[PDB]
Amino acid sequence: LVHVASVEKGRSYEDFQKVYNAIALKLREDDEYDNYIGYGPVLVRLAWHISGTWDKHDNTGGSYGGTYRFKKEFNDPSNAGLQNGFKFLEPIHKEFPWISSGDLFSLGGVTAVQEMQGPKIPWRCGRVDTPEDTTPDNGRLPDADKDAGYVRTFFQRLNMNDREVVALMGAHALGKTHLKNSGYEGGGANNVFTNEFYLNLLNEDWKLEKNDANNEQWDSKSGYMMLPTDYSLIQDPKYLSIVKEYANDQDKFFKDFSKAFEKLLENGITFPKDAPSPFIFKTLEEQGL
Ligand code: HEM
Ligand SMILES: c1ccc2[nH]cnc2c1
Ligand SMILES: c1ccc2[nH]cnc2c1
């Protein structure tokens, strides 16, 4: 199974920076969502869930086909809550109807990371909408109630190694869990991209508690929480070494996240040799907007 990137007809960097800017301006304006967290974190999660269905063995799933727009994937219980990100993007797709769904969903993730003062994430266009029958079945996204061996094995399906997994998990510095979506009771929340996830893991006094959905989670007296899969990163000796490295080096964490997140968004896609180079979008702040 081969998915060849094909540039939206006649489009170039300027066209995509316009779409970036429309998303970024809406993120600034619609600031009330989720108790003033805004839509940044849910857009990062949406970009990851549309990519995280990929299977390296047969090249099914992944971001290329934009299949989240179809009922089966949209209603995956693992995707509960992402409807809010879809609704946010809807008026943008109406304004720029030439952009493919996979491009728009992945670009939403890149825009959110950058606009939340994260690293620059190079991004390539040319995902092509594929038909309803290409939608992957539910159950390809990970459970949260598991241990380090589960996390490591799960991510091998996405061709991610230990360092890539630890860097990607740093996105759990953003946003929060919601009992009604996932069965985990959210704690203190944030909408600025930092390496704080690793500092919190190492520095807080975590207590294993049961929440109102009868699931276990790790809570601290400061009011933060960790999923069992988050806490597994300090139970496994290989993961723990990398957690310490990112807690102590913000720049390294930014650089490794950027590479791993770009790879996640590109898995399954063949780029022709004459495809354009990846784009690096300017933030609103860099444009004086
Ligand atoms: C073992 C892998 C992972 C598990 C089990 C997991 C699980 C979860 C769960 C249960 C939530 C709460 C959803 C809700 O109740 O609304 C969540 C939130 C989130 N996850 Fe993950 N996650 C994983 C990996 C990742 C990765 C790789 C990223 C991005 C690179 C990511 C980004 C996020 C973000 C941004 C949120 C916040 C969403 C919001 O505030 O609405 N996660 N995760
Ligand atoms: C966001 C919202 C609606 C869409 N329909 C097709 N692609 C979309 C992206
Ligand atoms: C999702 C969102 C925020 C989090 N903080 C700690 N773990 C999390 C998972």
# chains A, B, ... in the order shown; residues from 1 in each chain; ligands from 1
>>> residues_around(residues="range 263-280 of chain A", least_positions_apart="2", cutoff="9 Å", atoms="only C-alpha atoms", output="PyMOL selection string")
chain A and resi 2-7+12-13+16-17+47-48+50-52+54-56+59-64+106+120-127+158-160+258-261+282
>>> select_by_dssp(residues="range 124-225 of chain A", states="strand (DSSP E)", output="ChimeraX atom specification")
/A:207-210,216-219,225
>>> select_by_dssp(residues="range 27-93 of chain A", states="alpha helix (DSSP H)", output="MDAnalysis selection string")
chainID A and resid 27:29 33:36 40:51 71:74 83:93
>>> write_last_selection(atoms="N, CA and C atoms", output="compact mmCIF listing (two decimals), in the first residue's frame")
# COMPACT_ATOMS: atom_id res chain seq x y z
N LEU A 27 -7.27 30.77 17.20
CA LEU A 27 -6.82 30.29 18.51
C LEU A 27 -6.72 31.43 19.49
N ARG A 28 -6.29 32.59 18.99
CA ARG A 28 -6.17 33.77 19.83
C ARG A 28 -7.56 34.29 20.25
N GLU A 29 -8.51 34.27 19.32
CA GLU A 29 -9.84 34.88 19.50
C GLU A 29 -10.82 34.02 20.32
N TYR A 33 -12.55 28.57 25.63
CA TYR A 33 -12.81 27.16 25.63
C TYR A 33 -12.10 26.46 26.76
N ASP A 34 -12.78 25.49 27.36
CA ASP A 34 -12.19 24.65 28.41
C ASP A 34 -11.59 25.48 29.54
N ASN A 35 -12.40 26.38 30.09
CA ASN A 35 -11.95 27.22 31.18
C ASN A 35 -10.71 28.04 30.88
N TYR A 36 -10.70 28.63 29.69
CA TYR A 36 -9.66 29.55 29.27
C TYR A 36 -8.32 28.89 28.94
N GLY A 40 -5.69 25.14 21.79
CA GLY A 40 -4.37 24.63 21.39
C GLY A 40 -4.18 23.14 21.73
N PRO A 41 -4.38 22.78 22.99
CA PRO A 41 -4.12 21.38 23.33
C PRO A 41 -5.00 20.39 22.60
N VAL A 42 -6.31 20.66 22.45
CA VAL A 42 -7.15 19.67 21.75
C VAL A 42 -6.72 19.52 20.27
N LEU A 43 -6.22 20.61 19.65
CA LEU A 43 -5.71 20.49 18.27
C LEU A 43 -4.45 19.64 18.15
N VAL A 44 -3.58 19.75 19.17
CA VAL A 44 -2.39 18.87 19.24
C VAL A 44 -2.87 17.42 19.38
N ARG A 45 -3.81 17.17 20.28
CA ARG A 45 -4.30 15.80 20.40
C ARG A 45 -4.96 15.29 19.12
N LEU A 46 -5.72 16.15 18.45
CA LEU A 46 -6.38 15.71 17.20
C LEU A 46 -5.31 15.30 16.17
N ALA A 47 -4.24 16.09 16.07
CA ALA A 47 -3.18 15.78 15.04
C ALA A 47 -2.53 14.42 15.35
N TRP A 48 -2.29 14.19 16.63
CA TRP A 48 -1.76 12.90 17.07
C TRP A 48 -2.72 11.75 16.87
N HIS A 49 -4.00 11.90 17.19
CA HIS A 49 -4.94 10.76 17.00
C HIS A 49 -5.22 10.42 15.55
N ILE A 50 -5.20 11.42 14.65
CA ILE A 50 -5.35 11.06 13.23
C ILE A 50 -4.10 10.40 12.66
N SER A 51 -2.94 10.63 13.28
CA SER A 51 -1.68 10.02 12.82
C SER A 51 -1.44 8.68 13.50
N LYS A 71 -17.64 8.71 9.92
CA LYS A 71 -18.33 8.36 11.15
C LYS A 71 -17.55 7.33 12.02
N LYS A 72 -17.04 6.28 11.39
CA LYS A 72 -16.45 5.18 12.17
C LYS A 72 -15.28 5.67 13.04
N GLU A 73 -14.42 6.49 12.43
CA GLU A 73 -13.28 7.03 13.14
C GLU A 73 -13.65 8.21 14.07
N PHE A 74 -14.52 9.10 13.59
CA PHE A 74 -15.01 10.25 14.36
C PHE A 74 -15.64 9.74 15.68
N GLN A 83 -14.13 16.04 18.82
CA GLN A 83 -15.18 16.74 18.04
C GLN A 83 -15.07 18.26 18.19
N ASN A 84 -14.60 18.70 19.36
CA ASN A 84 -14.42 20.12 19.64
C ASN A 84 -13.33 20.72 18.73
N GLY A 85 -12.27 19.94 18.48
CA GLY A 85 -11.19 20.41 17.55
C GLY A 85 -11.72 20.43 16.10
N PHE A 86 -12.50 19.41 15.74
CA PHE A 86 -13.09 19.34 14.40
C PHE A 86 -13.98 20.55 14.14
N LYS A 87 -14.80 20.90 15.13
CA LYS A 87 -15.71 22.06 14.99
C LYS A 87 -14.95 23.36 14.87
N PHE A 88 -13.82 23.46 15.60
CA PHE A 88 -12.97 24.63 15.52
C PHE A 88 -12.44 24.80 14.06
N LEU A 89 -12.08 23.68 13.43
CA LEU A 89 -11.42 23.76 12.10
C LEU A 89 -12.41 23.94 10.97
N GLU A 90 -13.67 23.60 11.24
CA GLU A 90 -14.71 23.58 10.20
C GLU A 90 -14.77 24.91 9.43
N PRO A 91 -14.83 26.05 10.14
CA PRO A 91 -14.91 27.35 9.35
C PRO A 91 -13.64 27.66 8.58
N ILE A 92 -12.52 27.15 9.03
CA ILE A 92 -11.32 27.29 8.29
C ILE A 92 -11.33 26.46 7.01
N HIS A 93 -11.85 25.25 7.06
CA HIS A 93 -11.95 24.47 5.84
C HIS A 93 -12.91 25.14 4.87
>>> residues_near_ligand(ligand="ligand 3", cutoff="6 Å", atoms="only C-alpha atoms and all ligand atoms", output="list in words")
residues 172, 173, 174, 175, 176, 177, 225, 226 and 227 of chain A
>>> write_last_selection(atoms="N, CA and C atoms", output="PDB file, in the first residue's frame")
ATOM      1  N   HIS A 172       1.940  16.010  27.087  1.00  0.00           N
ATOM      2  CA  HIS A 172       1.071  15.978  28.253  1.00  0.00           C
ATOM      3  C   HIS A 172       1.365  17.060  29.259  1.00  0.00           C
ATOM      4  N   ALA A 173       2.284  17.976  28.944  1.00  0.00           N
ATOM      5  CA  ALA A 173       2.332  19.266  29.665  1.00  0.00           C
ATOM      6  C   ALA A 173       1.125  20.143  29.335  1.00  0.00           C
ATOM      7  N   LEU A 174       0.443  19.811  28.237  1.00  0.00           N
ATOM      8  CA  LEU A 174      -0.644  20.689  27.657  1.00  0.00           C
ATOM      9  C   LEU A 174      -2.030  20.197  27.995  1.00  0.00           C
ATOM     10  N   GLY A 175      -2.930  21.125  28.347  1.00  0.00           N
ATOM     11  CA  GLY A 175      -4.324  20.781  28.493  1.00  0.00           C
ATOM     12  C   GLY A 175      -4.581  19.918  29.699  1.00  0.00           C
ATOM     13  N   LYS A 176      -5.558  19.044  29.599  1.00  0.00           N
ATOM     14  CA  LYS A 176      -6.020  18.280  30.750  1.00  0.00           C
ATOM     15  C   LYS A 176      -6.832  17.082  30.334  1.00  0.00           C
ATOM     16  N   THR A 177      -7.104  16.176  31.258  1.00  0.00           N
ATOM     17  CA  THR A 177      -8.005  15.084  31.021  1.00  0.00           C
ATOM     18  C   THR A 177      -9.391  15.542  31.478  1.00  0.00           C
ATOM     19  N   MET A 225      -1.883  15.796  37.992  1.00  0.00           N
ATOM     20  CA  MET A 225      -2.143  14.382  37.839  1.00  0.00           C
ATOM     21  C   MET A 225      -1.275  13.788  36.741  1.00  0.00           C
ATOM     22  N   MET A 226      -1.077  12.484  36.810  1.00  0.00           N
ATOM     23  CA  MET A 226      -0.436  11.711  35.766  1.00  0.00           C
ATOM     24  C   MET A 226      -1.276  10.460  35.510  1.00  0.00           C
ATOM     25  N   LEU A 227      -1.404  10.074  34.245  1.00  0.00           N
ATOM     26  CA  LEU A 227      -1.956   8.769  33.876  1.00  0.00           C
ATOM     27  C   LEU A 227      -0.989   7.635  34.277  1.00  0.00           C
TER      28      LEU A 227
END
>>> closest_residue(among="A:137, A:185, A:129, A:249", to="ligand 2", atoms="only C-alpha atoms and all ligand atoms")
A:129
>>> closest_residue(among="A:104, A:148, A:202, A:189", to="residue 235 in chain A", atoms="only C-alpha atoms")
A:148
>>> closest_residue(among="A:210, A:152, A:18, A:244", to="ligand 1", atoms="only C-alpha atoms and all ligand atoms")
A:152
>>> closest_residue(among="A:208, A:201, A:99, A:213", to="ligand 1", atoms="only C-alpha atoms and all ligand atoms")
A:213
>>> atom_distance(atom1="atom 16 (O, counted along the ligand's line) of ligand 1", atom2="CA of residue 178 in chain A")
4.5 Å
